[PDB]
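Student: Sharing an experimental structure here, sequence included.
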Amino acid sequence: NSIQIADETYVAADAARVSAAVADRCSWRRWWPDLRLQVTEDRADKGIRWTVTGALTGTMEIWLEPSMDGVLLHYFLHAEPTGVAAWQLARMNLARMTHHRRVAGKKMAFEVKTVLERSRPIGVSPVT
């Protein structure tokens, strides 16, 4: 495929929390505004498998592998620019496009990391 990504990020949180975060349909709109996702498989504490439409056509997955105090959040994408003619594909910079999709994947992962690792709010119970 023209766009191929396999990245990993450590999140120091329970697989259940991480899987729930990545499965949030409203988050998908923020993370991937030019993609429409359809769930093919929900695999609970192990992540999720999608089909992708919109700007890209293909498959996308998250897999969670326990590590340390949490999980390694695997982000996978295999896709093509949707619908393009060969003349269009031939003029695209697939490396740059792949880079942009990697950065967006990592922004998703780092958001999930940030939110789930965040420490207790100030002057909210319990104070210890």
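Tutor: Nice, I can see it. Numbers count the residues shown, from 1 in each chain.
Student: When you work out contacts or count neighbours from here on, use the C-alpha atoms and nothing else.
Tutor: Will do.
Student: got a list of what residue 116 touches?
Tutor: Applying C-alpha atoms under 8 Å, 6 or more residues apart in numbering, we find residue 116 in contact with 11-13, 17-18.
Student: Weed out the non-buried ones from those.
Tutor: Among the contacts of residue 116, the ones that count as buried by 16 or more other C-alpha atoms under 10 Å are 11-13, 18.
Student: quick one, helices of the chain?
Tutor: 15-22, 25-31, 86-90, 94-117 (DSSP state H).
Student: quick revisit: with distance to residue 95 as extra columns, can I get the contacts of residue 116 in JSON lines?
Tutor: Formatted as JSON lines, the contacts of residue 116 follow (distance: C-alpha to C-alpha, whole Å):
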{"residue": "11", "distance to residue 95": "27"}
{"residue": "12", "distance to residue 95": "31"}
{"residue": "13", "distance to residue 95": "32"}
{"residue": "17", "distance to residue 95": "33"}
{"residue": "18", "distance to residue 95": "29"}
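Student: Looking at these, which is nearest residue 99?
Tutor: Of all the contacts of residue 116, the one sitting nearest residue 99 is residue 11; the distance, using C-alpha to C-alpha, is 21.9 Å.
Student: How about the contacts made by the nearest residue to that closest one once chain neighbours are set aside?
Tutor: With C-alpha to C-alpha, 6 or more residues apart in numbering as the criterion, residue 11 has its nearest non-adjacent residue at 5.1 Å, and that residue is residue 113. Contacts for residue 113 (C-alpha under 8 Å, 6+ apart) come out as 10-13.
Student: returning to that earlier point: can you tell me which of the helices of the chain comes nearest to residue 123?
Tutor: The nearest among the helices of the chain, by C-alpha to C-alpha, is helix 94-117 at 18.3 Å.
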